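Trainee: Okay, here's the structure, questions in a sec.
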Amino acid sequence: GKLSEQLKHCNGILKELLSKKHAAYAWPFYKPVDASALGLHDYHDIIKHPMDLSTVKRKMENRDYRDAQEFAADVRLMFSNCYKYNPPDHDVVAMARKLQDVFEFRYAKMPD
Ligand SMILES: COc1cc(C(=O)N2CCC(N3CCN(C)CC3)CC2)ccc1Nc1ncc2c(n1)N(C)c1ccccc1C(=O)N2C
Ligand SMILES: COc1cc(C(=O)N2CCC(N3CCN(C)CC3)CC2)ccc1Nc1ncc2c(n1)N(C)c1ccccc1C(=O)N2C
């Protein structure tokens with residue numbers, strides 16, 4: 001009921017984050033970090049709980065999220081992992097912040 005409706009809002013946000021109008025800055029978050037492929041041989045020493053939008057999408061499709069808060073927690077974990085790993089002046093941090101602005105402003109419109 002209310003929870004289904006809230007997760008519908010989450011699915012709409014997720015669709016938007018994956019949409020072409022944000023693709024120029026959303027792309028680092030589309031898939032799990034392949035640390036070896038990117039040469040980030042310290043990534044898994046620093047980041048204990050990787051997260052990315054394709055994993056959020058699979059969990060949404062599979063009904064893993066019991067409420068909107070767990071969905072939001074995973075999206076914020078993905079952004080926090082990016083802020084944890086990188087210097088504050090890094091290009092990817094600016095990209096994360098722009099996509100997080102999109103996320104937080106629409107998440108705040110949650111029906112209640
Ligand atoms: C698998 O996704 C990646 C692709 C590429 C790559 O080959 N590119 C970059 C994007 C470009 N596309 C852009 C969109 N366009 C529609 C199609 C073409 C094509 C050329 C480069 C990196 C990719 N993955 C990626 N994962 C996690 C990172 C990270 N980078 N950012 C940039 C980081 C960089 C350094 C240190 C940390 C990170 C990081 O935090 N994340 C989340
Ligand atoms: C480590 O970070 C990057 C790496 C590469 C790259 O050449 N790769 C990484 C992906 C590729 N792997 C794929 C799988 N395979 C096993 C082999 C390894 C190997 C070659 C390319 C881009 C990287 N980071 C990056 N950050 C911000 C951008 C930007 N570019 N530019 C290029 C953009 C490209 C498209 C749209 C926007 C941007 C952009 O604005 N920024 C700021």
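In the structure tokens, chains take the letters A, B, ... in the order shown, each chain's residues start at 1, and ligands count up from 1 in the order shown.
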Can you tell me, as a count of residues only, what residues are no more than 12 Å from residue 73 in chain A when counting only C-alpha atoms, ignoring any on the same chain fewer than 2 positions away?

Mentor: 22

Trainee: Neighbouring residues of residue 2 in chain A were defined as those with any atom within 9 Å, considering only C-alpha atoms; residues of the same chain fewer than 4 positions away were excluded. Please report them as a VMD selection string.

Mentor: chain A and resid 6 to 7 111 to 112

Trainee: May I have the residues from that selection written out with C-alpha atoms, as a PDB file, in the first residue's frame?

Mentor:
ATOM      1  CA  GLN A   6       6.919   4.625  -1.852  1.00  0.00           C
ATOM      2  CA  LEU A   7       8.860   1.942  -3.736  1.00  0.00           C
ATOM      3  CA  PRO A 111       4.601  10.597  -0.900  1.00  0.00           C
ATOM      4  CA  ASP A 112       3.425  10.324   2.711  1.00  0.00           C
TER       5      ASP A 112
END

Trainee: Counting only C-alpha atoms and all ligand atoms, what are the residues, protein, DNA or RNA alike, that approach ligand 2 to within 10 Å? I want them as a VMD selection string.

Mentor: chain A and resid 23 to 28 33 to 40 90 to 95

Trainee: If you keep N, CA, C and O atoms, can you produce a file of those selected residues as a CSV table (one decimal), in the first residue's frame?

Mentor:
chain,number,residue,atom,x,y,z
A,23,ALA,N,23.3,11.0,-18.3
A,23,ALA,CA,24.3,10.0,-18.6
A,23,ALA,C,25.7,10.5,-18.5
A,23,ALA,O,26.6,9.7,-18.4
A,24,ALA,N,25.9,11.8,-18.8
A,24,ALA,CA,27.2,12.3,-18.8
A,24,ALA,C,27.9,12.3,-17.5
A,24,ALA,O,29.1,12.3,-17.4
A,25,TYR,N,27.1,12.3,-16.4
A,25,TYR,CA,27.7,12.2,-15.0
A,25,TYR,C,27.3,10.9,-14.3
A,25,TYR,O,27.9,10.6,-13.3
A,26,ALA,N,26.2,10.2,-14.7
A,26,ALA,CA,25.8,9.0,-14.0
A,26,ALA,C,26.6,7.8,-14.4
A,26,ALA,O,26.6,6.8,-13.7
A,27,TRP,N,27.4,7.8,-15.5
A,27,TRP,CA,28.0,6.6,-16.0
A,27,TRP,C,29.0,5.9,-15.1
A,27,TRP,O,29.1,4.7,-15.1
A,28,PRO,N,29.7,6.6,-14.2
A,28,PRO,CA,30.6,5.9,-13.3
A,28,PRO,C,29.9,4.9,-12.3
A,28,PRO,O,30.5,4.1,-11.6
A,33,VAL,N,32.1,-1.5,-9.6
A,33,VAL,CA,33.5,-1.2,-9.9
A,33,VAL,C,34.3,-2.5,-10.1
A,33,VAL,O,34.3,-3.4,-9.3
A,34,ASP,N,35.0,-2.6,-11.2
A,34,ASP,CA,35.9,-3.6,-11.5
A,34,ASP,C,37.3,-3.1,-11.1
A,34,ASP,O,38.0,-2.5,-12.0
A,35,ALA,N,37.7,-3.3,-9.9
A,35,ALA,CA,38.9,-2.6,-9.4
A,35,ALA,C,40.1,-3.0,-10.2
A,35,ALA,O,40.9,-2.1,-10.7
A,36,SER,N,40.3,-4.3,-10.5
A,36,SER,CA,41.5,-4.7,-11.2
A,36,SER,C,41.5,-4.1,-12.6
A,36,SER,O,42.5,-3.5,-13.1
A,37,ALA,N,40.3,-4.1,-13.3
A,37,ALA,CA,40.2,-3.5,-14.7
A,37,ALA,C,40.6,-2.0,-14.7
A,37,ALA,O,41.2,-1.5,-15.7
A,38,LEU,N,40.2,-1.3,-13.6
A,38,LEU,CA,40.5,0.2,-13.6
A,38,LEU,C,41.8,0.5,-12.9
A,38,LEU,O,42.1,1.7,-12.8
A,39,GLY,N,42.6,-0.5,-12.6
A,39,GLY,CA,43.8,-0.3,-11.9
A,39,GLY,C,43.7,0.2,-10.5
A,39,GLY,O,44.7,0.8,-9.9
A,40,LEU,N,42.6,0.0,-9.8
A,40,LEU,CA,42.4,0.6,-8.5
A,40,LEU,C,42.7,-0.6,-7.5
A,40,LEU,O,41.8,-1.1,-6.8
A,90,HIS,N,38.4,15.5,-6.8
A,90,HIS,CA,38.4,14.5,-8.0
A,90,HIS,C,37.2,14.7,-8.9
A,90,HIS,O,36.1,15.1,-8.4
A,91,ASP,N,37.4,14.5,-10.2
A,91,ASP,CA,36.3,14.7,-11.2
A,91,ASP,C,35.1,13.8,-10.9
A,91,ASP,O,34.0,14.2,-11.0
A,92,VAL,N,35.4,12.6,-10.4
A,92,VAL,CA,34.3,11.6,-10.1
A,92,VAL,C,33.5,12.0,-8.9
A,92,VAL,O,32.3,11.7,-8.8
A,93,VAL,N,34.1,12.8,-8.0
A,93,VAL,CA,33.3,13.3,-6.8
A,93,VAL,C,32.4,14.4,-7.3
A,93,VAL,O,31.3,14.5,-6.7
A,94,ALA,N,32.8,15.2,-8.2
A,94,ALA,CA,31.9,16.2,-8.8
A,94,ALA,C,30.7,15.5,-9.5
A,94,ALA,O,29.6,15.9,-9.4
A,95,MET,N,31.1,14.4,-10.2
A,95,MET,CA,30.0,13.7,-10.9
A,95,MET,C,29.0,13.1,-9.9
A,95,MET,O,27.8,13.1,-10.1

Trainee: Take atom 23 (C, counted along the ligand's line) of ligand 1 and CA of residue 57 in chain A and report the distance between them in Å, one decimal.

Mentor: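 Between these atoms lies a distance of 18.2 Å.
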
Trainee: What parts of chain A does DSSP call alpha helix (DSSP H)? I'd like the answer as a PDB file with C-alpha atoms, in the first residue's frame.

Mentor:
ATOM      1  CA  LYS A   2       1.878   3.026   1.286  1.00  0.00           C
ATOM      2  CA  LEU A   3       5.100   0.961   1.036  1.00  0.00           C
ATOM      3  CA  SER A   4       4.323  -0.150  -2.544  1.00  0.00           C
ATOM      4  CA  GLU A   5       3.656   3.490  -3.438  1.00  0.00           C
ATOM      5  CA  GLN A   6       6.919   4.625  -1.852  1.00  0.00           C
ATOM      6  CA  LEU A   7       8.860   1.942  -3.736  1.00  0.00           C
ATOM      7  CA  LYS A   8       7.170   3.049  -6.967  1.00  0.00           C
ATOM      8  CA  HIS A   9       8.609   6.502  -6.283  1.00  0.00           C
ATOM      9  CA  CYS A  10      11.998   4.856  -5.705  1.00  0.00           C
ATOM     10  CA  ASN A  11      11.708   2.978  -9.009  1.00  0.00           C
ATOM     11  CA  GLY A  12      10.916   6.269 -10.789  1.00  0.00           C
ATOM     12  CA  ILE A  13      13.991   7.919  -9.262  1.00  0.00           C
ATOM     13  CA  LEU A  14      16.077   4.896 -10.287  1.00  0.00           C
ATOM     14  CA  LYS A  15      14.784   5.106 -13.860  1.00  0.00           C
ATOM     15  CA  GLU A  16      15.677   8.813 -13.945  1.00  0.00           C
ATOM     16  CA  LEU A  17      19.219   8.200 -12.593  1.00  0.00           C
ATOM     17  CA  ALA A  23      24.266   9.972 -18.595  1.00  0.00           C
ATOM     18  CA  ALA A  24      27.226  12.338 -18.832  1.00  0.00           C
ATOM     19  CA  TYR A  25      27.692  12.200 -15.032  1.00  0.00           C
ATOM     20  CA  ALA A  26      25.786   9.017 -14.035  1.00  0.00           C
ATOM     21  CA  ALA A  35      38.888  -2.560  -9.418  1.00  0.00           C
ATOM     22  CA  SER A  36      41.459  -4.662 -11.243  1.00  0.00           C
ATOM     23  CA  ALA A  37      40.230  -3.484 -14.682  1.00  0.00           C
ATOM     24  CA  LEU A  38      40.467   0.185 -13.583  1.00  0.00           C
ATOM     25  CA  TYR A  43      39.719  -0.048  -3.776  1.00  0.00           C
ATOM     26  CA  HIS A  44      38.659  -3.181  -1.844  1.00  0.00           C
ATOM     27  CA  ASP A  45      41.040  -2.357   0.967  1.00  0.00           C
ATOM     28  CA  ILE A  46      39.255   1.002   1.498  1.00  0.00           C
ATOM     29  CA  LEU A  53      22.967   1.297  -9.822  1.00  0.00           C
ATOM     30  CA  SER A  54      22.759  -2.040 -11.648  1.00  0.00           C
ATOM     31  CA  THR A  55      22.806  -3.785  -8.261  1.00  0.00           C
ATOM     32  CA  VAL A  56      20.096  -1.440  -6.961  1.00  0.00           C
ATOM     33  CA  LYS A  57      18.107  -2.248 -10.101  1.00  0.00           C
ATOM     34  CA  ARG A  58      18.490  -6.017  -9.651  1.00  0.00           C
ATOM     35  CA  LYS A  59      17.453  -5.773  -5.979  1.00  0.00           C
ATOM     36  CA  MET A  60      14.426  -3.659  -6.989  1.00  0.00           C
ATOM     37  CA  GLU A  61      13.425  -6.188  -9.662  1.00  0.00           C
ATOM     38  CA  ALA A  68      12.099   3.051   0.652  1.00  0.00           C
ATOM     39  CA  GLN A  69      14.694   3.529   3.396  1.00  0.00           C
ATOM     40  CA  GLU A  70      16.672   0.425   2.333  1.00  0.00           C
ATOM     41  CA  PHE A  71      16.635   1.596  -1.292  1.00  0.00           C
ATOM     42  CA  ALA A  72      17.866   5.033  -0.234  1.00  0.00           C
ATOM     43  CA  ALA A  73      20.509   3.456   2.024  1.00  0.00           C
ATOM     44  CA  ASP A  74      21.972   1.526  -0.923  1.00  0.00           C
ATOM     45  CA  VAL A  75      21.999   4.597  -3.212  1.00  0.00           C
ATOM     46  CA  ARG A  76      23.678   6.676  -0.516  1.00  0.00           C
ATOM     47  CA  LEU A  77      26.149   3.880   0.175  1.00  0.00           C
ATOM     48  CA  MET A  78      27.162   4.007  -3.508  1.00  0.00           C
ATOM     49  CA  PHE A  79      27.758   7.773  -3.287  1.00  0.00           C
ATOM     50  CA  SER A  80      29.536   7.483   0.122  1.00  0.00           C
ATOM     51  CA  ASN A  81      31.901   4.823  -1.301  1.00  0.00           C
ATOM     52  CA  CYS A  82      32.827   7.313  -3.997  1.00  0.00           C
ATOM     53  CA  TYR A  83      33.430  10.091  -1.434  1.00  0.00           C
ATOM     54  CA  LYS A  84      35.419   7.713   0.754  1.00  0.00           C
ATOM     55  CA  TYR A  85      37.769   6.520  -1.926  1.00  0.00           C
ATOM     56  CA  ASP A  91      36.324  14.671 -11.164  1.00  0.00           C
ATOM     57  CA  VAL A  92      34.275  11.605 -10.128  1.00  0.00           C
ATOM     58  CA  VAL A  93      33.344  13.288  -6.836  1.00  0.00           C
ATOM     59  CA  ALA A  94      31.880  16.211  -8.750  1.00  0.00           C
ATOM     60  CA  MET A  95      29.980  13.695 -10.893  1.00  0.00           C
ATOM     61  CA  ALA A  96      28.733  11.877  -7.781  1.00  0.00           C
ATOM     62  CA  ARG A  97      27.577  15.214  -6.255  1.00  0.00           C
ATOM     63  CA  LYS A  98      25.667  16.188  -9.400  1.00  0.00           C
ATOM     64  CA  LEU A  99      23.881  12.827  -9.537  1.00  0.00           C
ATOM     65  CA  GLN A 100      23.266  12.895  -5.777  1.00  0.00           C
ATOM     66  CA  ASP A 101      21.669  16.336  -6.167  1.00  0.00           C
ATOM     67  CA  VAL A 102      19.246  14.763  -8.655  1.00  0.00           C
ATOM     68  CA  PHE A 103      18.612  11.847  -6.254  1.00  0.00           C
ATOM     69  CA  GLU A 104      18.152  13.771  -2.994  1.00  0.00           C
ATOM     70  CA  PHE A 105      15.886  16.430  -4.482  1.00  0.00           C
ATOM     71  CA  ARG A 106      13.525  13.878  -6.030  1.00  0.00           C
ATOM     72  CA  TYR A 107      13.728  11.430  -3.061  1.00  0.00           C
TER      73      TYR A 107
END

Trainee: Choose the residue, out of A:1, A:86, A:29, A:110, that has the smallest atom-to-atom separation from residue 42 in chain A; count only C-alpha atoms.

Mentor: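 Smallest distance to residue 42 in chain A is found for A:86.
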
Trainee: For ligand 1, which residue out of A:87, A:48, A:109, A:64 is the nearest one, using only C-alpha atoms and all ligand atoms?

Mentor: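 Checking each of A:87, A:48, A:109, A:64 against ligand 1, counting only C-alpha atoms and all ligand atoms, the winner is A:87.
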
Trainee: Quick one, how far is CA of residue 32 in chain A from CA of residue 89 in chain A?

Mentor: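 The value is 22.5 Å.
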